Every structure is written in C-alpha cells, then in structure tokens.
2 protein chains.
Amino acid sequence: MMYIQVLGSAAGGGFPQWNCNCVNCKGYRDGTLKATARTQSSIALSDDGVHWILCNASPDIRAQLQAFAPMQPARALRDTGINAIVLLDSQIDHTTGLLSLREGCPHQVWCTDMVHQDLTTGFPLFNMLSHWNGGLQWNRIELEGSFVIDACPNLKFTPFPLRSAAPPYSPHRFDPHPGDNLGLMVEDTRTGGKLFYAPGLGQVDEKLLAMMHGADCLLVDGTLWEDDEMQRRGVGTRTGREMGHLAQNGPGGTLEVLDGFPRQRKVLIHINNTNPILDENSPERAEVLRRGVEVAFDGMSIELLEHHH
Amino acid sequence: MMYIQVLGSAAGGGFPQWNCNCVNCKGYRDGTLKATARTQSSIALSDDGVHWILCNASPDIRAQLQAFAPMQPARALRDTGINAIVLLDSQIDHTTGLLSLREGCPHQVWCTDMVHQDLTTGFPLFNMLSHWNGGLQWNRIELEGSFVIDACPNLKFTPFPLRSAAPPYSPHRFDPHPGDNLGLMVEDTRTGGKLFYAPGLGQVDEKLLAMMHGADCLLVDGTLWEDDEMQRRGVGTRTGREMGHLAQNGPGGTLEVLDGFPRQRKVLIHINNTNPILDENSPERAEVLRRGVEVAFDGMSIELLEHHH
Ligand SMILES: [Mn+2]
Ligand SMILES: [Mn+2]
Ligand code: NA
Ligand code: NA
Ligand SMILES: [Zn+2]
Ligand SMILES: [Zn+2]
C-alpha cells in the first residue's frame, strides 16, 4: 500500500483566511455556507503506515500533525512519525512549518539546489535552524533521475521541473530557474502504483501530459475556479496566470486537461479560500463531481493499492 | 476598560508539544490527564474592544485569531482587528506568526533596535516581508521612556529591559545586549490601571520589584515548576537558568517573588508542556491556587477597570 494523507488542502492563507471576508470566508464564519475549514497545502506519504515523508511543511503544521495520530507513535519520550521532509518549492506556505519542527532536529530535508539557495539566503531556514541540534540536513533533489528515502524504501520519487514561479522574497524572483518548482511522481515499487503530485501547476505541455498518463492518481493544483477569481471576489487584482496557477474552468484550464485522463483518480488540492468549489452546494462543486474529479479536504486518506495496467 | 485577551498561554512548542510524550503530553493524548491544550505565548490588548495591539506573533497565530471574534470585525472584504504588533524579543515563538500575516501588509511593528537587528539579519522577517505590499513598518522601542500606539490612544506602554537571552540564531547570542528582552508596563491613562507583562523573566532586582508594585495585574513567566524540570521529565538537559527562566518553586523562584505582591492580580503565562501546573489535579496546581496565583489558559479574558490606589 502507498498511503497518502492530506494534512492541508488549502492554498496560502487557508480557509477561512484570517483577514478575508469574501463570500466563502464570511459565509463560513456566519454559518450559512456548507463548507469545511482547511489548513495550508501539505501531504504525508508512507509505504508502511509507520514511517512518513512529509511533503511541504505548512505554517499550520502543529494542528496538522495533531490531527493525524500516526504522526505521534509515542515510541520514546521524544518521537515523531516524520522521517523526512520533501519540499516542492520555497514558498512561505510550504516551508514555514520547518520552524515549528525546531525541537526535533536534525531533520533530513530533500529539495532542489534552487530551493536550497532560497532557504540559505532570502528565507534562511537552513542557516537559522542549524542552531537547533544540527538543524536541517540537505539532500539534493537533482533535476533528472529519481531518489529513494531510506525510511520508506518502497517509494521511488521522480521529480519533474515545472514552470518557475519563485516566491516574492527570492533573490531570483525576477530571474526564474529550473528547479524553483517541482511536481513529483511517487511510485510504490512493490506494485507499480503511482501518484503524481503538483500542488502548483501553471503550465502543461506534451512531455508533462505523457508522464501524467503513467500515474494512477493525479493530485493537482485546485487554486482558482476562474483566472480572475480574486477580482471577482473583490479581494485583490492578481490573476492565476500571474501567480502560476491554471484555473479549473476555461480553455487550457485544469478540467479541460483532466478530461484527457479518464482512468486516473483525480483530486484537486491547494484550493484558495475564494474558490467556489469549497462551497459544497455550488454549481462549480457539482461540475467537478460530474467530471469525476474530487476536492481534497483535510484528513482525506488516499490509498493506492495497485497500478491500472 | 483595558481588555487583555490571552491568545496563547504555552511556552515554545505549545501543549501538547508535537514531538513530546512526557507525562503531561502523553497523558493529554491518552485522555487521562485533566488539562487543556495551549498554543504559544501571545496576548492582545485594547482600550475599546475594537482596535487591538498584538503582543508577540506566535507560530499558532492563525488558530489564535480564528478563536477570538474581535480579530475579524468584517468591516470590509479585507479586514482585521490587529492594528499594531509589539514584539518583546526575537524568539521564534514570538515572531514566526508575522509570516502568517503576509496577506495583510503593511503592518506597524514595534520592537527594540536589538530585535530589529535580529529580524533583518539572522531571521530576516523585515526584509522578506517587504515584498508583500510594503511589509513591516518598524517603530523603534527605545530603552527608556514610553510610547503610545495611535489606534489605542489610551494605552501607554513603558518598556523595561530584562536580562538578555537572545535566540540561538542571533548573530549576537554569545554577546548579549540590553534590548534583547523586554517586559512591558501598560497603563490605561483614563484610569491609571496597569498591567505588567513579562512572559520571559530570568532575573529580578530591586528596580524591577519596585516598578512591579505599581501594577494592578502581573502576567509573568510560568515556564517551569522546577529549574531541572526538563531533566525530571526525561525530555532534555536544559535548565531554567540556562534558558533565562525563573522557575516557580524554590528559593528565588517566582512564587517566592510573588509573595511580595499580595494586592496584585497574579497570572502565570508562557507555561511549558512539562510543567505540572498544567495538570488541573496536581499538587503543584493546588499550591499556585493557594497562593492566589492563576494559570493562564487560551481564551482567558482579563479586564482591568481601575487602579488599586
Ligand atoms: Mn501556495
Ligand atoms: Mn519562549
Ligand atoms: Na491564497
Ligand atoms: Na518549550
Ligand atoms: Zn476569503
Ligand atoms: Zn511534553
């Protein structure tokens, strides 16, 4: 079995977002919206249910670990079910949780050279945390080939660089490089079962599509329903294209893309607080369901048992 | 009225702590301990109930704001009840929450030159956050005199430097300076009512004691019951003295100190997960109660109406 646990399913800011009173956030607080609160984007993976690899360490990590019992196996006075961390980018919503793991260093952290550069300069987590019992031990994710983390020896990870959209603090946001952003294929090598995980997806091409057809489950960017959602909700002016996100709806959107993948389990994750698919009663949620696409929620468990071929 | 809201009452790591299986943390998880979960040290202050000053921005800030309704007055599509932030030190447990307020910049942040130096070098929040709509606007806390934040014009803040115990990442942890750590007197200038707040207190002297006698409520470091608590619980080797904390019990401890203050309301805050006072049934909790000392909990409201003289 490959076990996938969704710790957090929201985009940056979570749901509801602390400073937002958009129709969803305010509707949630007022008790009029049928929706469930979500913490920030993060999943955990395991090949045995005991040793876990954390993919992205969100600012909500304390609440996320608390909610998932295998995160505390209680085998010793100090213990954790996290055996390694993999980072897919250097965004604040995917890295700030490392600060909350300071009491448990050293930790093995896998990330690209690009991300390690951000996390030793602009957001210098590797430098800061080194003062807590050795801190973060960097394992380089190369831009080709695959890697296996010893704690989960049956999971083989193959990174795929995606279009670079480095965070605003990055000494190179204006000068994007391959390795700023990854999607990950993860294979259980006992069964061939494969997960493709890309919480940020701003572009697809034929190479990416072909590689995705090899997957059994696609767990992909669900940030916005429409490219101009933030303007429609009155909560800003950024578009999906500016932020590196393919919206669900419209030409070139992810629902059009996912139409090419009938055999795969398809799950949207990293959903912004503005996205109507969070409202369980919306026509947008009904449309995703009609298309065989699921909307990730906190605490969702995905089990991959086998490969489709 | 001066309104004091306890957002978080635990020391670093919170309660239970994510990687800890000490008698308290494991007893809480097992359901055998009568105790309440706590997020990391933070309070909010107001003179009117509408405009709030956040003192320390903890890693748990999202959950803390969510739990306290005046933090979201819903006056516009983007809004917050936080009108300014005051930092008493540059520790990770008092500053990491600023990253979670990125969507609402600019913010007015008050801190000493010492703390601003840490937060522009070793943990460069001021630099990072400047890329989110202007980021954090520094207002210098001088080491003498007082300051008033315009949003709460009836609250007068008077800092008192405490013994310096800079965080492990600080380019000057080995070279301590006045201004690394503050306690704060806050006066409602309509009534003379005064709060003294010192979540980290590693030393008292006559000057500090005299100034404390002017307060109506003392809200002070409750980290450890005994100086060697972490060793007693088997979860490490650090002592209170090494960490800059006066333990409750023993000579020179805070209960002995607080005995000198019979007229004041006395509340312990920043309580470590190991501290037996978290167990509502412990002899230690019974002793604090016998002494007229309260144990802060998340969501505790303290109202100061008047001054004792
Ligand atoms: Mn994001
Ligand atoms: Mn602390
Ligand atoms: Na967002
Ligand atoms: Na602690
Ligand atoms: Zn919203
Ligand atoms: Zn504990």
Side-chain angles (χ1 to χ4, degrees), chain A residues 12-14 16-23 25-26 29-30 37 39-40 59-66 69 71-82 92-93 95-97 99-104 121-125 127-132 167-170 173 233-236, chain B residues 12-14 16-23 25-26 29-30 37 39-40 59-66 69 71-82 92-93 95-97 99-104 121-125 127-132 167-170 173 233-236:
Chain A
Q17 175 169 311
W18 68 281
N19 67 335
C20 188
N21 298 296
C22 78
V23 292
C25 293
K26 180 159 189 293
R29 297 197 196 85
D30 288 348
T39 54
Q40 288 167 106
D60 296 307
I61 190 166
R62 176 175 185 256
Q64 290 170 330
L65 300 181
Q66 197 154 337
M71 288 298 165
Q72 190 38 266
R75 299 164 290 205
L77 287 168
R78 292 272 154 110
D79 195 18
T80 183
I82 299 166
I92 295 304
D93 67 2
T95 54
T96 296
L99 292 165
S100 287
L101 304 179
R102 63 193 178 287
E103 307 87 343
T121 57
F123 185 14
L125 294 174
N127 301 339
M128 284 174 66
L129 288 168
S130 68
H131 304 278
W132 279 258
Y169 69 83
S170 175
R173 180 187 26 165
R233 264 66 160 97
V235 293
Chain B
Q17 175 169 311
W18 68 281
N19 67 335
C20 188
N21 298 296
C22 78
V23 292
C25 293
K26 180 159 189 293
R29 297 197 196 85
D30 288 348
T39 54
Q40 288 167 106
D60 296 307
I61 190 166
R62 176 175 185 256
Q64 290 170 330
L65 300 181
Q66 197 154 337
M71 288 298 165
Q72 190 38 266
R75 299 164 290 205
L77 287 168
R78 292 272 154 110
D79 195 18
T80 183
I82 299 166
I92 295 304
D93 67 2
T95 54
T96 296
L99 292 165
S100 287
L101 304 179
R102 63 193 178 287
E103 307 87 343
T121 57
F123 185 14
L125 294 174
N127 301 339
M128 284 174 66
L129 288 168
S130 68
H131 304 278
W132 279 258
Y169 69 83
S170 175
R173 180 187 26 165
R233 264 66 160 97
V235 293

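Every heavy atom of this structure was used, including side-chain atoms; hydrogens, water molecules and symmetry mates were not. Naming convention: chains lettered A, B, ... in sequence-line order (proteins, then strands); numbering from 1 in each chain.
We find the CZ-SG distance between B:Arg78 and A:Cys22 to be 7.0 Å, quoted to the nearest 0.5 Å. To the nearest 0.5 Å, the span separating CD on A:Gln17 from CG on B:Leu65 amounts to 11.5 Å. A distance of 10.5 Å separates NE2 of B:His131 from CD1 of A:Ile92, quoted to the nearest 0.5 Å.
Residue contact with chain A, scored on non-hydrogen atoms closer than 4.5 Å, involves the backbone and the side chain of B:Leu101 alike. A:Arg29 touches chain B through its side chain: at least one heavy atom from C-beta onward sits under 4.5 Å away, while N, CA, C and O do not. With a 4.5 angstrom heavy-atom cutoff, A:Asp93 touches chain B via backbone and side-chain atoms both. Looking at A:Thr39, both its backbone and its side chain come within 4.5 Å of chain B, counting heavy atoms on both sides. For B:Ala74, the parts lying near chain A are the backbone and the side chain together; criterion is any non-hydrogen pair under 4.5 Å. Looking at B:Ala76, the atoms closer than 4.5 Å to chain A (heavy atoms on both sides) all sit in the backbone: N, CA, C or O.
For B:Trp132, the side chain to side chain donor-acceptor pair (under 3.5 Å) criterion is met by no residue, not counting sequence neighbours. Residues satisfying the side chain to side chain contact (heavy atoms under 4.5 Å, CB included) criterion with A:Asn127, sequence neighbours excluded, are A:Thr120, A:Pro124.
When each of A:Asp60, A:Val23, A:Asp79 is scored by its heavy-atom pairs under 4.5 Å with chain B, the top score falls to A:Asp79. Of all the listed residues (A:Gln40, A:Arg62, A:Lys26), the one sharing the greatest number of non-hydrogen pairs under 4.5 Å with chain B is A:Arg62. With chain B as the partner, the residue from A:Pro59, A:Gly14, A:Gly97, A:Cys20 showing the most heavy-atom pairs under 4.5 Å is A:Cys20. Among A:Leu99, A:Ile82, A:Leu125, the residue making the largest number of heavy-atom pairs under 4.5 Å with chain B is A:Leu99.
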Would you check, one step at a time, whether the test side-chain contact (heavy atoms from CB on, under 4.5 Å) holds for A:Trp18 with B:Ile61? CA-CA 9 Å; A:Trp18 68 281; B:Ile61 190 166; over 6 Å; no
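The two residues B:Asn19 and A:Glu103 make their nearest non-hydrogen contact at ND2-O, 3.2 Å.
Between A:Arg233 and B:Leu77, every side-chain heavy-atom pair lies at or beyond the 4.5 Å cut-off. In this structure, the side chains of A:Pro16 and B:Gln66 come closer than 4.5 Å at one or more pairs of heavy atoms.
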